[PDB]
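Undergrad: Before anything else, here's the structure in question.
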Amino acid sequence: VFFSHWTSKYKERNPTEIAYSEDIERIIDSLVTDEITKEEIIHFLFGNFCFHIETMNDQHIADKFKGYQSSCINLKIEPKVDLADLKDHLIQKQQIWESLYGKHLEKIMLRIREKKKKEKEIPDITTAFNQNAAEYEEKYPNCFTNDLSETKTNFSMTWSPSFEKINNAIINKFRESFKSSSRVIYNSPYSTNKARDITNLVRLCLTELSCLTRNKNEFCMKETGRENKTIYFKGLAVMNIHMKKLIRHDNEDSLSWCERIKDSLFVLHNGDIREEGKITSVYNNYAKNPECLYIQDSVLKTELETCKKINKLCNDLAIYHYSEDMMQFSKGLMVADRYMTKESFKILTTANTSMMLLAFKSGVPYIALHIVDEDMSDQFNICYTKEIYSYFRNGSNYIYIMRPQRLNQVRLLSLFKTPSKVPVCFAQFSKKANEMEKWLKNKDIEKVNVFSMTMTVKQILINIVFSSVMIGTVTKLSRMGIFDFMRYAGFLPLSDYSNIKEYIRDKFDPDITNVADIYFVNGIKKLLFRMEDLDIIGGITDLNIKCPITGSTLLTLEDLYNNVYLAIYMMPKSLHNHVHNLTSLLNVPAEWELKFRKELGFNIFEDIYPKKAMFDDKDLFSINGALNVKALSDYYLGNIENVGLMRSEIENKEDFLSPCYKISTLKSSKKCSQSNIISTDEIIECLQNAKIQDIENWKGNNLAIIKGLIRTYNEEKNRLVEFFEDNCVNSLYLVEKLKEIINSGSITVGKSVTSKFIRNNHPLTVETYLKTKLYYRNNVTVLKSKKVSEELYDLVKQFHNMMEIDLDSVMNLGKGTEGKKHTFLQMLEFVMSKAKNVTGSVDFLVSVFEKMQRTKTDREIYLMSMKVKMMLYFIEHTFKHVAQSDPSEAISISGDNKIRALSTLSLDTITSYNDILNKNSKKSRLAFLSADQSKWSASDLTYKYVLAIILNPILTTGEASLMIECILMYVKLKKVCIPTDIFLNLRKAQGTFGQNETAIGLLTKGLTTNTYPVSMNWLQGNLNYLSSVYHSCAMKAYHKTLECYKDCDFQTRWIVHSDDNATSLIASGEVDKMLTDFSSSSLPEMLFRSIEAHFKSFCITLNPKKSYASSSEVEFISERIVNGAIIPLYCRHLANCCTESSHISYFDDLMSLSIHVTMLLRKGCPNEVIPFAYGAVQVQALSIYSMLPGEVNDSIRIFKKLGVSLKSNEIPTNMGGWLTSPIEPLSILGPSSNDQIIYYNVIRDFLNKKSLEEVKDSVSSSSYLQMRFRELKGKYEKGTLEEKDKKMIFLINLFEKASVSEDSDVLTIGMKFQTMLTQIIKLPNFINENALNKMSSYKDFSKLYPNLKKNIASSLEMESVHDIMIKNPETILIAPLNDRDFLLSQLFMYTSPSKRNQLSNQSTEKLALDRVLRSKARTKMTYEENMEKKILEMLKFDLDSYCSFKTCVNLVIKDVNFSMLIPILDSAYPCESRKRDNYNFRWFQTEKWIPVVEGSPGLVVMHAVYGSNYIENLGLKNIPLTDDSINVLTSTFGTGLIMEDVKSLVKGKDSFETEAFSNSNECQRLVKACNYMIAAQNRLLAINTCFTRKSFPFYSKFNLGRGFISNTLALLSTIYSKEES
RNA sequence: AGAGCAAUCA
């Protein structure tokens, strides 16, 4: 049935004695027990498919039986002759294999009893802290000091005192103040030549050098005296342009000092006099009158007043002005990295009236100067006692000079995100503080003041201000460490967890280097002391204390979880040093491989002899062996039901029989890191053709090779001599030529210059130096990051025997659909036959790159080659559907909603069954376990998967052999290549200081090899489905083992993600005797110890610290759920709103952040934080791209200057507008709703109607838009235009010019936003030529069409190129149908300007600085002038825009979601009758969705957390617009190649005449009007489509659809929140 | 002086 096709060519290959390795024989020989022998285990293993015989085809049964007979013949036994004999043997087997679970149960009970007695008990938390400090002191001697005057800087690198007096005025004020007598006073750091030098330097630079000037602020130094030069040079000598000093955790002096620091900072913040600014304007717009974001304003009146009071406190506590000063100073410091030299300096002044920075030429050093009044002098001295060098007095003021500093670009960006970070932290902490929010509710907005506060509330406010500043201005790494400890130290209020003292004893890092984080450490210590003192409301009886903001009288656990996780998630990412981070990341697999190698008996040099028979129920690296195959057989038998249907579904849905470019994963542009090196033949032939007469004529590769071998002769003479001996016959000739070269004197030599030799030279030089350096009878290679699409193009070229690109070979074959194609497994078998040949095993080589994981500890990403990527795709996608049939598995998720769906399904099913089973039973106990495995990749085995390939009943004999061969080569041939820069750094350090090395220097033979072996550690992310299938198999085996206990009945449930586990267990019966036998005091303790023992038997290492068992709380990955009620956890979206952006435009960034705003609205956030989230995303977008109000490059200012009739809130977001949509259309529809509402409002205003029903009823009748356009034309002709008509003209022309926009040569088969408009304005990216030159498709393009196309004859070549494009339009119009449409499309992608900038490699952090430099520049006109001429061209009428107006009206009206949301939003009853009976943020739930998911019916909920569908798919019209605009563009290029003044053609061919008729009018609009009435819908056989009609079908029906209706669905409420009433 | 703790950037 269903025509089972042989999907391989390896039909005659068996898993044993036919594949490349004989490891299967000793895998078998290591599996024999005392009761089950060799013929028994091979009978079961190679013939257990007979249970899956009712649902397989006859060819499948015959092939598997022939494979069984061949394998049993190969393994030297007598096979069974018939199926009935095999079934009789198999039922005898199933008896002797079912007699194992009792032995396994006794083994885990003995293991639990053995592990119980070995532990040591920590007496208390203080002793745990002392033991951690003692072991850290043993690791680092003399680290702890008692002198506080030698620690690090306290208040980061920033100092912002408030100023009381209302660019050159501040500078000459500092000039006037800095000319008094020398009354310089120095201070001790905690109660002096550098201070004298810096004081003389600042007084010289402020007296004699500031008045040669440039750019009104930057001055140099040449024409001054010798004494002034000496003072300046001493100042820069001071500037410079283990040694750990730590303080203990039990210091009370640091606590008192930090309390005084907090009080002095709060006194300092209450002195500012400014009341206008840039951040203040946007935040006061969004939060001063927050009723403009809601629809039903009158039904809630406490929430909006609380938001207003928080905004008033932010205004009165200088939060906005402090953030503005930080952002301005960071922008100035980023800008100051310019073409200046070391003898010139810059003066930086922000809008603050008395703060000055002296910036000099790693970073930019600077000096800060402040002028404080007499009343705040002592508080300034206390608050900044660490960082004051000197101060003096002038009149009634004090002048302060601060220390020299230095900052990196990432820290400058982190300080640049201060207005996004700080105010939302202030808002959330002030909301979560109970006494603060009740005082704000008690007092009125006219009477809230700082000086009217109770002392407790004032202390809470001081803690909130200090915590908000220290969170939003994070620069160091000790804060990152203590917040990671605060992340993992929240497991106190649960049951048995085994990390109340062990986690603090092991994983705590006492890296306290200043006195500000002593506050956080004391807060977490107070919380743990209170917890150890001894749905769910917490803190009303625990009486605990918030870690950041003290905040007594806690309401719920949700507030503390959100506060702590917001503090975790609002840290930067890329703050680690590159060399140290990469050495640690390369050191972890080296030691984790040396541990396995030294444990299991292998020495360093030998290979990976697979099974030593020590992989049998041991501790470190072992499985049971004879239990794993029974568990896998039982899992397959209970899981796989229909083998033929499952195989057919795999072949259809995953596309095994499709060509490789039809696979989405193997086609997209990622990095694959192939190997590339210059061969030795090139080097020796370059040395042969090197001419002593042409020493001065050496340019390029010859010079690079010559410098490399000159450095090799200077450093490793014997190595180079033996290299010449083993690679050239005329070694003496090469040696004497070397002597003649080095005796010429026309070259340059180099000493030890660290990584600068790599940095400022050619890569060819350093790679030939490494190759000539590390010659040890081997081949050393480096890795270069290539592209996946480019490697697929090269592989498709190589499969068709096209070694070199030929003009006629590609074009001669591939006619139509019925031309030559290929399949994925044909390519895979060709690639495997290539890679099995002897080539040095270069295909299995991995490069390691650094991921950014927001923590001080860092993860890594691995780059595997194309061949290994294809075998991993094969394995991981033939195991994808096996996980899709498992209901207890959660890697086959439909996004993020399904995770919560099956988590709540597990919890509510086990709670319901416990409530059912509790009635009239003997005893009942329930437990849950949130588990996290220790090391999922390094500590696990890989030969456990070979045992799982064989038992698969889906596969047949021949594909399982190929998978076994792939895995056996993957284990044995894998190695990791060290990057060249850190390799040379390690070699230099070992040469000059160490002469000995660590585990990496033991795996490498004394740092003489670039690559080191890693074998049993399959790297992270490579096997994500197989490991989860094995995890579920292990859990099912655990349940079947628990079934064997006689006294009690156990029911287990589990949810499996890779490296995750959420187990739940109900036990009934003799629970006391059961717990006595299991040596546990409670069921969570039993579950913890039994799961640990069983997983250790299944080679899965459980982490005893970061895993906890409880009785009512489950945590799968996040968003913990208690008693069937979920905890929201919106703080991830809250922190993502303020930190992460794409930095590609303003429009795209605004929609990307609005996605997070919508998701935060769906996750159930309080009403107060919503305007601050609006302001935060607006501050980020406007501060990076379209400048925030108060400066040049605005948009409202440009509109006001040009006098456009649109209002301030009517600007669309593509023109630089603001996110001004209401909240319910945002939460339901999405970020495109503001553009839709703007267009709908101007459409209703122009058509003079009242309701959407009337508008659509008038539009649906014909002869209406024509008469409206005729009336508008007559009004423009007479000149009696109105405001509504001008707005409609502007928006019609905006929609018409959005089709043109700029850089619109993109194919864009799938868009990101599905928005109605386009981007319109794009700053040109940083485009190079070297990265374009490295591409092999670019080399093929430059070889096939010559160097005239590299960057008369060029015109005719481009004419021929577009002629062959016009002759085959399917190449540029469709994604590649077959061969002769993919590779030549890749060559065709390089034609014309503005098509080669689609290949971009700029990171998201190196693009923001480029955009900051680019926006204040000419890229040539300007940004503001480009915008001004765009509105000047847009304000005119322009003719034949009726079709654009009609399509705009149709696209607005036709949306079913909009047309069903708008009347029910306009006519929704406000409250009651089971709508709005609660008011504590229980209106954000009901009025958001309950009329809507009752309008779109199928629900009964009142309080829910939503995971929505992709119902707003507004992308079925923009893709036709893009496709026929692309066809119009290439037709325009062809006809402009033909002739000029193309308005009417000269009667060429039929395609030219039809394209002339197309572009006489608007082609996209008239083909839309044609497809509106025609219903052809041809079958796309690529034969009759050209026969029927060329142009209109070829750019109408070839987008696989026309303009049709959308679909609505009921928003998919995952599960309820806890219902309140 | 500042950043970091593989003996690193200035």
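Residue names in the structure tokens use chain letters A, B, ... in the order shown, residue numbers from 1 in each chain, and ligand numbers from 1 in the order shown.
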Enumerate as a ChimeraX atom specification all residues of range 850-1091 of chain A assigned to strand (DSSP E) by DSSP on the backbone, naming them with the chain letters and numbers the document uses.

TA: /A:850,860-863,924-931,975-977,1011-1013,1049-1057,1060-1068

Undergrad: Show which residues sit within 9 Å of range 803-817 of chain A, as a ChimeraX atom specification. Count only C-alpha atoms (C1' of nucleotides), and ignore same-chain residues fewer than 4 positions away.

TA: /A:797-798,821,1340,1343-1344,1377-1381,1383-1384,1581-1583

Undergrad: Got time to write the residues from that selection, N, CA, C and O atoms, as a compact mmCIF listing (two decimals), in the first residue's frame?

TA:
```txt
# COMPACT_ATOMS: atom_id res chain seq x y z
N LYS A 797 27.07 22.62 -8.65
CA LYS A 797 28.02 22.64 -9.76
C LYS A 797 28.85 21.36 -9.82
O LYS A 797 29.10 20.82 -10.90
N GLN A 798 29.29 20.86 -8.66
CA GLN A 798 30.16 19.69 -8.64
C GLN A 798 29.40 18.40 -8.94
O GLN A 798 30.00 17.44 -9.44
N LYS A 821 17.23 17.17 -12.87
CA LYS A 821 17.09 17.56 -11.48
C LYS A 821 17.95 16.63 -10.62
O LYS A 821 18.69 15.79 -11.13
N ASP A 1340 32.79 33.35 -10.38
CA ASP A 1340 32.19 32.78 -11.59
C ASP A 1340 31.53 33.85 -12.44
O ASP A 1340 31.61 33.79 -13.68
N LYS A 1343 34.30 35.76 -14.14
CA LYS A 1343 34.98 34.98 -15.16
C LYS A 1343 34.11 34.80 -16.40
O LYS A 1343 34.60 34.89 -17.53
N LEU A 1344 32.81 34.52 -16.21
CA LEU A 1344 31.91 34.34 -17.34
C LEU A 1344 31.66 35.65 -18.06
O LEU A 1344 31.73 35.71 -19.30
N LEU A 1377 12.78 26.51 -9.74
CA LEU A 1377 11.93 25.35 -9.98
C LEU A 1377 12.75 24.07 -10.11
O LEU A 1377 12.38 23.03 -9.57
N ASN A 1378 13.87 24.15 -10.82
CA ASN A 1378 14.73 22.99 -11.04
C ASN A 1378 16.14 23.51 -11.34
O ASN A 1378 16.44 24.69 -11.12
N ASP A 1379 17.00 22.63 -11.84
CA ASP A 1379 18.29 23.07 -12.34
C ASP A 1379 18.11 23.85 -13.63
O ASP A 1379 17.05 23.80 -14.27
N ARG A 1380 19.16 24.59 -14.00
CA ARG A 1380 19.15 25.70 -14.97
C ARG A 1380 18.21 26.83 -14.54
O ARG A 1380 17.76 27.62 -15.37
N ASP A 1381 17.89 26.89 -13.25
CA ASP A 1381 17.15 28.01 -12.68
C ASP A 1381 17.67 28.44 -11.32
O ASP A 1381 17.20 29.46 -10.81
N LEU A 1383 21.46 27.95 -10.12
CA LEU A 1383 22.83 28.43 -10.21
C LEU A 1383 22.94 29.67 -11.09
O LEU A 1383 23.65 30.63 -10.75
N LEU A 1384 22.22 29.69 -12.21
CA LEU A 1384 22.23 30.90 -13.02
C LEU A 1384 21.43 32.03 -12.40
O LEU A 1384 21.72 33.19 -12.68
N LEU A 1581 2.30 24.14 -15.31
CA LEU A 1581 3.11 23.06 -15.86
C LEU A 1581 4.36 23.56 -16.57
O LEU A 1581 5.10 22.74 -17.12
N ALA A 1582 4.57 24.88 -16.59
CA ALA A 1582 5.68 25.57 -17.26
C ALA A 1582 5.75 25.29 -18.76
O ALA A 1582 6.81 25.43 -19.37
N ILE A 1583 4.64 24.88 -19.37
CA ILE A 1583 4.56 24.65 -20.81
C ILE A 1583 3.39 25.45 -21.36
O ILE A 1583 3.56 26.26 -22.28
```

Undergrad: So which residues touch residue 8 in chain B within 9 Å, counting only C-alpha atoms (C1' of nucleotides), skipping near sequence neighbours fewer than 2 positions away, as JSON, numbers by chain?

TA: {"A": [577, 579, 580], "B": [4, 6]}

Undergrad: Skip residue 1023 in chain A itself and residues of its chain fewer than 5 positions away, then list as a CSV table (one decimal) with N, CA and C atoms, in the first residue's frame all residues within 9 Å of it, counting only C-alpha atoms (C1' of nucleotides).

TA:
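After the write, out.csv holds the following:
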```csv
chain,number,residue,atom,x,y,z
A,872,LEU,N,23.7,15.6,9.6
A,872,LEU,CA,22.9,16.0,10.8
A,872,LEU,C,21.5,16.4,10.4
A,875,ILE,N,19.7,12.9,10.0
A,875,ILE,CA,19.4,12.2,11.2
A,875,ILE,C,18.3,13.0,12.0
A,876,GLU,N,18.5,14.3,12.2
A,876,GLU,CA,17.6,15.1,13.0
A,876,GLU,C,16.3,15.4,12.4
A,1018,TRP,N,29.4,15.2,21.5
A,1018,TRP,CA,28.7,15.8,20.4
A,1018,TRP,C,28.3,17.2,20.8
A,1028,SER,N,16.3,14.2,22.9
A,1028,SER,CA,15.0,14.3,23.6
A,1028,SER,C,14.2,13.0,23.5
```

Undergrad: Write out as a list in words each polymer residue whose atoms come within 10 Å of residue 869 in chain A, counting only C-alpha atoms (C1' of nucleotides); drop sequence neighbours fewer than 4 positions from it.

TA: residues 665, 666, 672, 788, 863, 864, 865, 873, 874 and 1022 of chain A

Undergrad: I need the residues from that last selection saved to file as an mmCIF file, in the first residue's frame (with N, CA and C atoms), if you can.

TA:
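Saved result, again_6.cif, follows:
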```
data_model
loop_
_atom_site.group_PDB
_atom_site.id
_atom_site.type_symbol
_atom_site.label_atom_id
_atom_site.label_comp_id
_atom_site.auth_asym_id
_atom_site.auth_seq_id
_atom_site.Cartn_x
_atom_site.Cartn_y
_atom_site.Cartn_z
ATOM 1 N N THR A 665 16.402 25.007 5.211
ATOM 2 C CA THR A 665 17.540 25.103 6.121
ATOM 3 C C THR A 665 18.861 25.118 5.363
ATOM 4 N N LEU A 666 18.953 24.359 4.276
ATOM 5 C CA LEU A 666 20.191 24.216 3.524
ATOM 6 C C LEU A 666 20.375 25.292 2.463
ATOM 7 N N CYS A 672 29.067 28.426 7.452
ATOM 8 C CA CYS A 672 29.352 27.001 7.536
ATOM 9 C C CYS A 672 30.812 26.671 7.818
ATOM 10 N N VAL A 788 26.342 29.298 3.260
ATOM 11 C CA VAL A 788 25.627 28.047 3.012
ATOM 12 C C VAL A 788 25.064 28.014 1.595
ATOM 13 N N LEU A 863 30.545 25.838 14.502
ATOM 14 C CA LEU A 863 30.302 25.957 13.068
ATOM 15 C C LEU A 863 30.776 24.682 12.382
ATOM 16 N N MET A 864 29.831 23.903 11.866
ATOM 17 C CA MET A 864 30.116 22.640 11.202
ATOM 18 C C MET A 864 29.972 22.791 9.693
ATOM 19 N N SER A 865 30.706 21.956 8.958
ATOM 20 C CA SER A 865 30.803 22.079 7.510
ATOM 21 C C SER A 865 29.507 21.629 6.830
ATOM 22 N N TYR A 873 21.289 16.978 9.275
ATOM 23 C CA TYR A 873 19.936 17.250 8.799
ATOM 24 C C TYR A 873 19.170 15.958 8.550
ATOM 25 N N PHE A 874 19.834 14.973 7.931
ATOM 26 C CA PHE A 874 19.247 13.653 7.695
ATOM 27 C C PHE A 874 18.795 12.996 8.995
ATOM 28 N N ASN A 1022 23.610 20.135 17.904
ATOM 29 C CA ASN A 1022 23.732 19.261 16.743
ATOM 30 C C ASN A 1022 22.686 18.154 16.751
#
```

Undergrad: Output as a tab-separated table one row per residue of chain A within 8 Å of chain B: the closest atom pair and its distance in Å to one decimal place, counting only C-alpha atoms (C1' of nucleotides), sorted by chain and residue number ascending.

TA:
```
residue	atom	partner	partner_atom	distance
A:238	CA	B:1	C1'	6.5
A:239	CA	B:1	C1'	5.6
A:240	CA	B:10	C1'	6.3
A:241	CA	B:10	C1'	6.3
A:242	CA	B:5	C1'	6.6
A:244	CA	B:5	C1'	7.8
A:362	CA	B:9	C1'	6.1
A:365	CA	B:2	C1'	7.8
A:403	CA	B:1	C1'	6.6
A:404	CA	B:1	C1'	4.9
A:405	CA	B:2	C1'	4.3
A:406	CA	B:2	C1'	4.3
A:407	CA	B:3	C1'	6.8
A:408	CA	B:3	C1'	7.5
A:577	CA	B:4	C1'	6.7
A:579	CA	B:8	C1'	7.6
A:580	CA	B:6	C1'	7.0
A:583	CA	B:6	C1'	7.6
A:989	CA	B:7	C1'	7.4
A:993	CA	B:7	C1'	7.0
```

Undergrad: Write out, as a PDB file, in the first residue's frame, the residues just selected, with N, CA and C atoms.

TA:
```pdb
ATOM      1  N   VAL A 238      50.676  60.580  33.359  1.00  0.00           N
ATOM      2  CA  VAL A 238      49.718  60.110  34.360  1.00  0.00           C
ATOM      3  C   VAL A 238      48.539  59.425  33.674  1.00  0.00           C
ATOM      4  N   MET A 239      48.060  60.012  32.575  1.00  0.00           N
ATOM      5  CA  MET A 239      46.908  59.499  31.840  1.00  0.00           C
ATOM      6  C   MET A 239      47.178  58.169  31.144  1.00  0.00           C
ATOM      7  N   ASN A 240      48.453  57.845  30.884  1.00  0.00           N
ATOM      8  CA  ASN A 240      48.878  56.681  30.089  1.00  0.00           C
ATOM      9  C   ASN A 240      48.228  56.685  28.704  1.00  0.00           C
ATOM     10  N   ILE A 241      48.404  57.792  27.991  1.00  0.00           N
ATOM     11  CA  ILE A 241      47.836  57.954  26.660  1.00  0.00           C
ATOM     12  C   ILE A 241      48.777  58.761  25.773  1.00  0.00           C
ATOM     13  N   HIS A 242      48.285  37.759  39.804  1.00  0.00           N
ATOM     14  CA  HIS A 242      47.003  38.403  40.060  1.00  0.00           C
ATOM     15  C   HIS A 242      47.167  39.591  41.005  1.00  0.00           C
ATOM     16  N   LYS A 244      44.162  41.123  42.529  1.00  0.00           N
ATOM     17  CA  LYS A 244      42.781  41.313  42.946  1.00  0.00           C
ATOM     18  C   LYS A 244      42.721  41.758  44.401  1.00  0.00           C
ATOM     19  N   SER A 362      40.595  50.704  22.555  1.00  0.00           N
ATOM     20  CA  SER A 362      40.772  50.863  23.993  1.00  0.00           C
ATOM     21  C   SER A 362      39.757  51.852  24.562  1.00  0.00           C
ATOM     22  N   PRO A 365      40.303  58.588  26.967  1.00  0.00           N
ATOM     23  CA  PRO A 365      40.375  59.056  28.354  1.00  0.00           C
ATOM     24  C   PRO A 365      39.775  60.442  28.512  1.00  0.00           C
ATOM     25  N   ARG A 403      38.942  61.764  38.583  1.00  0.00           N
ATOM     26  CA  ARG A 403      40.033  60.914  38.130  1.00  0.00           C
ATOM     27  C   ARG A 403      40.004  60.716  36.618  1.00  0.00           C
ATOM     28  N   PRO A 404      41.161  60.442  36.014  1.00  0.00           N
ATOM     29  CA  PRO A 404      41.174  59.929  34.639  1.00  0.00           C
ATOM     30  C   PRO A 404      40.459  58.590  34.544  1.00  0.00           C
ATOM     31  N   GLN A 405      39.773  58.372  33.421  1.00  0.00           N
ATOM     32  CA  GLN A 405      39.026  57.141  33.193  1.00  0.00           C
ATOM     33  C   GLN A 405      39.307  56.642  31.782  1.00  0.00           C
ATOM     34  N   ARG A 406      38.601  55.576  31.402  1.00  0.00           N
ATOM     35  CA  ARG A 406      38.665  54.963  30.082  1.00  0.00           C
ATOM     36  C   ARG A 406      37.477  54.024  29.945  1.00  0.00           C
ATOM     37  N   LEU A 407      36.849  54.022  28.771  1.00  0.00           N
ATOM     38  CA  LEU A 407      35.662  53.210  28.552  1.00  0.00           C
ATOM     39  C   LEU A 407      35.679  52.611  27.153  1.00  0.00           C
ATOM     40  N   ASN A 408      35.121  51.411  27.037  1.00  0.00           N
ATOM     41  CA  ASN A 408      35.027  50.718  25.764  1.00  0.00           C
ATOM     42  C   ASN A 408      33.741  51.110  25.039  1.00  0.00           C
ATOM     43  N   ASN A 577      35.929  40.189  27.873  1.00  0.00           N
ATOM     44  CA  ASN A 577      37.127  40.325  27.057  1.00  0.00           C
ATOM     45  C   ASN A 577      37.253  39.141  26.106  1.00  0.00           C
ATOM     46  N   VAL A 579      39.845  37.643  24.360  1.00  0.00           N
ATOM     47  CA  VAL A 579      40.890  36.628  24.489  1.00  0.00           C
ATOM     48  C   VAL A 579      40.610  35.709  25.674  1.00  0.00           C
ATOM     49  N   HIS A 580      40.267  36.294  26.827  1.00  0.00           N
ATOM     50  CA  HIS A 580      39.986  35.498  28.021  1.00  0.00           C
ATOM     51  C   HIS A 580      38.726  34.656  27.850  1.00  0.00           C
ATOM     52  N   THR A 583      39.521  31.789  25.411  1.00  0.00           N
ATOM     53  CA  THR A 583      40.369  30.761  26.007  1.00  0.00           C
ATOM     54  C   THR A 583      39.593  29.903  27.000  1.00  0.00           C
ATOM     55  N   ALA A 989      52.880  33.159  25.104  1.00  0.00           N
ATOM     56  CA  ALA A 989      52.884  33.115  26.565  1.00  0.00           C
ATOM     57  C   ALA A 989      53.640  31.899  27.087  1.00  0.00           C
ATOM     58  N   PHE A 993      56.956  32.869  29.230  1.00  0.00           N
ATOM     59  CA  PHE A 993      56.749  32.829  30.672  1.00  0.00           C
ATOM     60  C   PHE A 993      56.606  31.419  31.223  1.00  0.00           C
TER      61      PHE A 993
END
```

Undergrad: One decimal, Å: what's the distance from CA of residue 686 in chain A over to CA of residue 701 in chain A, could you say?

TA: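 Computing the Euclidean distance for CA of residue 686 in chain A and CA of residue 701 in chain A yields 8.7 Å.
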
Undergrad: Which residues are close to residue 527 in chain A, i.e. within 10 Å by only C-alpha atoms (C1' of nucleotides), leaving aside same-chain residues fewer than 5 positions away? Reply as a list in words.

TA: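 The neighbour list is residues 489, 490, 492, 521, 522, 532, 533, 543, 544, 545, 546, 547 and 550 of chain A.
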
Undergrad: Excluding residue 33 in chain A and any residue of its chain fewer than 6 positions from it, enumerate the residues within 12 Å of it, using only C-alpha atoms (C1' of nucleotides), and give them as a list in words.

TA: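 My reading of the contact set: residues 39, 40, 41, 96, 97, 100, 613, 616, 617, 624, 625, 626 and 627 of chain A.
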
Undergrad: Go ahead and dump the residues you just picked, N, CA, C and O atoms, as a compact mmCIF listing (two decimals), in the first residue's frame.

TA:
```txt
# COMPACT_ATOMS: atom_id res chain seq x y z
N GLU A 39 24.25 -14.68 20.75
CA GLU A 39 23.22 -15.00 19.77
C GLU A 39 21.86 -14.48 20.21
O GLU A 39 21.06 -14.05 19.37
N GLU A 40 21.60 -14.47 21.52
CA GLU A 40 20.37 -13.89 22.07
C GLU A 40 20.27 -12.40 21.77
O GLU A 40 19.23 -11.93 21.26
N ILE A 41 21.32 -11.63 22.05
CA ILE A 41 21.24 -10.18 21.88
C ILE A 41 21.22 -9.82 20.41
O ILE A 41 20.52 -8.87 20.01
N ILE A 96 12.97 -13.47 28.64
CA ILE A 96 14.30 -13.32 29.24
C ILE A 96 14.78 -11.87 29.28
O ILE A 96 15.73 -11.56 30.02
N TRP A 97 14.15 -10.98 28.53
CA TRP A 97 14.46 -9.55 28.53
C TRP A 97 13.52 -8.76 29.43
O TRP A 97 13.90 -7.68 29.89
N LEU A 100 14.38 -8.13 33.86
CA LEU A 100 15.48 -7.19 34.12
C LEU A 100 15.12 -6.02 35.03
O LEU A 100 16.02 -5.48 35.69
N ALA A 613 34.30 -2.44 26.95
CA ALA A 613 33.41 -3.18 27.86
C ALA A 613 33.39 -2.60 29.27
O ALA A 613 32.93 -3.27 30.20
N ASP A 616 29.39 -0.39 30.96
CA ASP A 616 28.39 -1.33 31.46
C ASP A 616 28.12 -1.03 32.93
O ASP A 616 28.78 -1.58 33.81
N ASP A 617 27.13 -0.16 33.17
CA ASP A 617 26.56 0.13 34.50
C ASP A 617 27.60 0.66 35.49
O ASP A 617 27.51 0.41 36.69
N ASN A 624 23.64 0.94 30.96
CA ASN A 624 23.45 -0.44 31.40
C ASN A 624 23.73 -1.43 30.28
O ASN A 624 24.21 -2.54 30.55
N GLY A 625 23.45 -1.06 29.03
CA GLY A 625 23.75 -1.92 27.91
C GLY A 625 22.61 -2.84 27.52
O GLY A 625 22.08 -2.74 26.41
N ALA A 626 22.24 -3.75 28.42
CA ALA A 626 21.17 -4.70 28.16
C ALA A 626 19.80 -4.18 28.58
O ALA A 626 18.80 -4.87 28.36
N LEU A 627 19.73 -3.01 29.19
CA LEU A 627 18.45 -2.40 29.54
C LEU A 627 18.05 -1.30 28.56
O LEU A 627 16.85 -1.08 28.34
```

Undergrad: Apply DSSP to the backbone of this structure and, from range 1167-1401 of chain A, keep only the residues in alpha helix (DSSP H); write these as an MDAnalysis selection string.

TA: chainID A and resid 1169:1184 1196:1202 1223:1228 1233:1247 1252:1260 1265:1278 1283:1300 1330:1333 1336:1344 1353:1367 1369:1373 1383:1388
